[PDB]
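Asks: What follows is a structure written as structure tokens; I'll ask about it next.
What follows draws every value from the coordinates through simple rules; no lab data is involved. A quick note on method: Cβ atoms are made from the backbone with ideal geometry, for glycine too, and the neighbour counts reach across all protein chains shown.
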Amino acid sequence: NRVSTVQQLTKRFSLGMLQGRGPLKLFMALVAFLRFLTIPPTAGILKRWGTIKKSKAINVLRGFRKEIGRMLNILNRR
Amino acid sequence: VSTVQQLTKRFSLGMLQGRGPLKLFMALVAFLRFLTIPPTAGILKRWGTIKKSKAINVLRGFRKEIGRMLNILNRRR
């Protein structure tokens with residue numbers, strides 16, 4: 001329903017989140033992205049991985065698994 | 001040998017415009033959907049085009065990968 005411009009997306013992504021900065025849900029998504037593509041993380045990203053609150057991080061990861069399931073349903077029904 | 005070199009190479013490919021390998025494309029679409037960030041027109045156009053059977057296989061590996069990450073958290077003290 002909504003679209004982004006390429007320029008709009010690149011403004012939002014910053015060098016800071018290569019160092020693992022950012023909100024938890026954003027950080028979790030970036031970690032998952034690298035893992036999908038088997039891309040090693042940076043030390044800064046890696047250091048935040050141990051920092052995160054496990055309870056809050058687990059719930060965010062479950063939401064991703066749910067969203068992957070929604071995408072699978074979409075692709076199956078086609 | 002690098003996170004940043006690998007990431008910039010994919011950006012140069014045009015991955016934000018929808019270009020690149022299917023696995024790279026699916027990972028980016030999944031990434032945006034996780035954060036509910038509106039995709040680009042080029043990404044959105046390919047979302048309909050993609051070969052569904054191969055795409056579903058890629059998504060199944062993502063689900064297995066998300067489960068592995070959940071195992072890592074429980075493994076930590």
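Asks: Could you list all residues from region B:55-77 that are of a type outside the set (A, V, I, L, M) and either under 14 Å from the mean Cα position of the chain (by Cα) or within 17 Å of residue A:67 (Cβ to Cβ) (or both)?
Replies: Within region B:55-77, the first condition is being of a type outside the set (A, V, I, L, M), and the residues that meet it are B:57, B:60-65, B:67-68, B:71, B:74-77.
Within region B:55-77, B:57, B:60, B:61, B:62, B:63, B:64, B:65, B:67, B:68 qualify.
Asks: Filter region A:55-72 for residues that are β-branched (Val, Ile, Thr) and buried (at least 17 other Cβ atoms within 10 Å of the Cβ) and give the result.
Replies: If we filter region A:55-72 for residues that are β-branched (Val, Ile, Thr), which is where we start, we get A:58, A:60, A:68.
If the condition is that a residue be β-branched (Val, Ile, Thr) and buried (at least 17 other Cβ atoms within 10 Å of the Cβ), then A:60, A:68 are the ones that fit.
Asks: Among the residues of region B:19-54, count how many are over 19 Å from residue A:29 (Cβ atoms) and either crowded, with 19+ Cβ neighbours inside 10 Å or more than 7 Å from every other protein chain (Cβ to nearest Cβ) (or both). I'd like the intermediate steps shown before the answer.
Replies: To start, the set of residues in region B:19-54 that are over 19 Å from residue A:29 (Cβ atoms) comprises B:19, B:21-22, B:41-42, B:45-46, B:48-54.
Narrowing the set further to residues that are either crowded, with 19+ Cβ neighbours inside 10 Å or more than 7 Å from every other protein chain (Cβ to nearest Cβ) (or both) leaves B:19, B:21-22, B:42, B:45-46, B:48-51, B:53-54.
Adding up the residues that qualify gives 12.
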